[PDB]
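# This block holds the first chain(s) of the complex, placed as they are in the complex; more will follow:
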Amino acid sequence: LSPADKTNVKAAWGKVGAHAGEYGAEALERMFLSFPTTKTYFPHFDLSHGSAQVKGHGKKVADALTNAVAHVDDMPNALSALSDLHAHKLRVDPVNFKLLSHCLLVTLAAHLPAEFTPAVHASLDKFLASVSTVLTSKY
């Protein structure tokens, strides 16, 4: 992750702004619709459209991503508890992280047309990839 990537990601996530929780909920909804095998990880969840549980989970995921953007240089230390949770208690298959990264990128492209230049797209792809490796680093 280069300093240009860091600048691009910080700018894009700043223009995301206070819409982060809604964007994360939308990304989770897109993941559930496009890849229904991802829904098996939320057996006790209500995953219908407009669900408050999905809203809250999207807010949590977005806040974790905001913290990661705040700590790009210290992501492994910032995401240690999350990595522990996902890799050990959840046992989440690492392909689902690619799926969620793609859905997050699609949400960002659909909501920020001007910001989604090819360079910003590459920077966000690399940032979400690094987040995924940190969350799967305990395997």
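That came through fine. Numbering: from 1, shown residues only, chains lettered A, B, ... in the order given.

# Now for the closest residue to residue A:70 other than its chain neighbours, how many residues are close by?
In this structure, residue A:70 finds its nearest non-sequential neighbour in residue A:78, 7.8 Å apart by C-beta to C-beta, 6 or more residues apart in numbering. All C-beta atoms are positioned from the backbone trio N, CA, C, and that covers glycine. Residue A:78 has 19 neighbours, counted by other C-beta atoms under 10 Å.

# contacting residues for residue A:78?
Residues in contact with residue A:78 (C-beta atoms under 8 Å, 6 or more residues apart in numbering) are A:67, A:68, A:70, A:71.

# excluding its backbone neighbours, what's nearest the last one?
Same thing as residue A:71. Leaving aside its chain neighbours, residue A:71 sits nearest to residue A:78 (4.0 Å; criterion: C-beta to C-beta, 6+ apart).

# Okay, helices next: where are they in chain A?
Ranges of helices within chain A are A:3-16, A:20-34, A:52-70, A:75-78, A:80-84, A:95-111, A:118-135, based on DSSP state H.

# mind putting the ones you listed in CSV, distance to residue A:43 included?
Formatted as CSV, the helices of chain A follow (distance: least, C-beta to C-beta, whole Å):
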stretch, distance to residue A:43
helix A:3-16, 30
helix A:20-34, 13
helix A:52-70, 12
helix A:75-78, 29
helix A:80-84, 20
helix A:95-111, 15
helix A:118-135, 20
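
# Quickly compare the ones you listed and say which is most buried.
Of all these, helix A:20-34 has the most neighbours on average by mean count of other C-beta atoms under 10 Å, namely a mean of 20.

# How far off centre is it?
With C-alpha atoms, centre = their mean, to the nearest Å as the basis, helix A:20-34 stands 9 Å off its chain's centre.

# Show me what that helix is packed against.
Other elements packing on helix A:20-34 under the criterion 3 or more C-beta pairs under 8 Å, 6 or more residues apart in numbering; DSSP states H and E are helix A:52-70, helix A:95-111.

# ok, residue A:86 to residue A:111 distance?
Applying C-beta to C-beta, to the nearest Å, the value for residue A:86 to residue A:111 is 26 Å.

# and then chain B:
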Amino acid sequence: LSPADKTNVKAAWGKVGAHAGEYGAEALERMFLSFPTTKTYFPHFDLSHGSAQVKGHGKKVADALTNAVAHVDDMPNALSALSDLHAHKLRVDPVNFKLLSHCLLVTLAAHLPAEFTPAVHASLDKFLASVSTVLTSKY
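Now chain B, sitting on the chains shown earlier:
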């Protein structure tokens, strides 16, 4: 990785000993036979059985792996030139790194039956995965 992973990998690669170049040549031959799409990366090579070019390349790969074992705590700094080569000049598709890792594991299993316990297998798989991520971190 882990300290136990480091101990297991060091023990296995020490048991490899002075057969490292031959083992690397065998792993490259296995990769060429099982995965013919890998051969495209080496067009000016004679890739027939017993080829001296494949012997020398296997020696080079094995020596790089020995250096990585010796610098398991500083692999990104030890493998910087190699990562630059493979990502910028050669532009190797990252799936071939998984292919070569599998062929190396198969060579190790076939040559060291006693050493290839499940724990050593897991440690070696983790070590080769980390080597692959270091070599693919410069696109």
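
# What packs on helix A:20-34 with chain B there, same question as before?
Here helix A:20-34 touches helix A:52-70, helix A:95-111, going by 3 or more C-beta pairs under 8 Å, 6 or more residues apart in numbering or on different chains; DSSP states H and E.

# Mind doing that once more with 10 Å?
Here helix A:20-34 touches helix A:3-16, helix A:52-70, helix A:95-111, going by 3 or more C-beta pairs under 10 Å, 6 or more residues apart in numbering or on different chains; DSSP states H and E.

# What residues does residue A:41 make contact with?
By C-beta atoms under 10 Å, 6 or more residues apart in numbering or on different chains, the contact list for residue A:41 reads A:86, A:90, A:91, A:92, A:93, A:96.

# Quick check on the fifth one: phi, psi?
Comment: the main-chain dihedrals of residue A:93 come out as phi -60, psi 130, following degrees, to the nearest 10.

# could I get the helices and strands packed on helix A:20-34 as CSV with distance to residue B:22?
As requested, the helices and strands packed on helix A:20-34 are arranged in CSV below (distance: least, C-beta to C-beta, whole Å):
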stretch, distance to residue B:22
helix A:3-16, 42
helix A:52-70, 45
helix A:95-111, 36
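
# and of the ones you listed, who's closest to residue B:26?
Nearest of the helices and strands packed on helix A:20-34 to residue B:26, taken as C-beta to C-beta: helix A:95-111 at 31.1 Å.

# Share the number of residues neighbouring residue A:72, please.
17 (other C-beta atoms under 10 Å in any protein chain shown).

# my bad, residue A:35
16.

# for the closest residue to it other than its chain neighbours, what are its contacts?
In this structure, residue A:35 finds its nearest non-sequential neighbour in residue A:99, 4.9 Å apart by C-beta to C-beta, 6 or more residues apart in numbering or on different chains. With contact set as C-beta under 10 Å, 6+ apart, residue A:99 has these partners: A:30, A:31, A:34, A:35, A:37, A:38, A:93.

# Which residue of chain A lies farthest from its centroid?
Within chain A, the residue lying farthest from the chain centre (C-alpha atoms, centre = their mean) is residue A:44, at 21.2 Å.

# Kindly provide the distance from that residue to residue A:54.
For residue A:44, the distance to residue A:54 - C-beta to C-beta - is 12 Å.

# one more, chain C:
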Amino acid sequence: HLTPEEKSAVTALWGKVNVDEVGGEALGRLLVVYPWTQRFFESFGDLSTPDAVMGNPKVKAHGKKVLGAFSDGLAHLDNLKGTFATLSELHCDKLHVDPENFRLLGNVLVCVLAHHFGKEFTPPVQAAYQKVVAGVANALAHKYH
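Once chain C is put in with the chains from before, the structure reads:
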């Protein structure tokens, strides 16, 4: 396997797609985001900078051809395997392109459609298009199966 509503939505959205720019955008974004794919296009000239990639006439024309292939596949959703037989031959036996790159390009195209259509690219529309691009990649990768 698209429902009639999914097929209707996909066709309606594809009706408004610029057949001259979208394929070049998708191909250039693939080359920028996954720069190991540039190895297949070394005869296309300068690809060092994102600006150079997105300003390449060769990239634009090749993306036009790829978009035309996608349109042909969309017009024959029930015969994807037979539609892409020649292209599967060309990509596997001649170019040795890993099938993972087909899904990478399909996801890049989904991102480009989202970027172009905004709020109209709803999650159901995205799910239908994900099914479409997965089918296209599977049909293109048949030679390795």
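
# ok chain C is loaded, check the contacts of residue A:78 again?
Residue A:78 neighbours (C-beta under 10 Å, 6+ apart): A:64, A:67, A:68, A:69, A:70, A:71, A:72, A:131, A:134.

# returning to that earlier point: list the contacts of the residue farthest from the centre of chain A.
Residues in contact with residue A:44 (C-beta under 10 Å, 6+ apart) are residue A:53.

# repeat for residue C:1
C:77, C:78, C:131, C:135 are the contacts of residue C:1 under C-beta under 10 Å, 6+ apart.

# how about 7 Å then?
residue C:131 (C-beta atoms under 7 Å, 6 or more residues apart in numbering or on different chains).

# Kindly indicate whether it is helix, strand or coil.
When classified by DSSP: H, G, I helix; E, B strand; the rest coil, residue C:1 comes out as coil.

# For chain B, what is the nearest residue in chain A?
Of all residues in chain A, the one sitting closest to chain B is residue A:133 (7.6 Å; C-beta to the nearest C-beta).

# now swap in chain C and tell me
Nearest to chain B, among the residues of chain C, is residue C:39, at 4.1 Å (C-beta to the nearest C-beta).

# okay but that residue is in contact with residue B:89, surely?
No - Residue C:39 is not in contact with residue B:89 according to C-beta atoms under 7 Å; the separation is 10.2 Å.

# neighbour-wise, which of these two wins?
residue C:39 (14 against 8).

# is any part of stretch A:48-66 close to chain C?
No - using C-beta under 7 Å from any C-beta of the partner chain, stretch A:48-66 stays clear of chain C, with a minimum separation of 8.6 Å.

# who touches the residue nearest to residue C:99 when sequence neighbours are not counted in this structure?
Among residues not flanking residue C:99 along the chain, residue C:141 sits closest, at 3.6 Å (C-beta to C-beta, 6+ apart). The contact partners of residue C:141, taken as C-beta under 7 Å, 6+ apart, are C:88, C:99, C:102.

# Looking at the residues you listed, which is nearest residue C:18?
Distances from residue C:18 to the contacts of residue C:141, taken by C-beta to C-beta, are shortest for residue C:102, at 22.4 Å.

# distance of the closest one from residue A:91?
According to C-beta to C-beta, residue C:102 and residue A:91 sit 29 Å apart.
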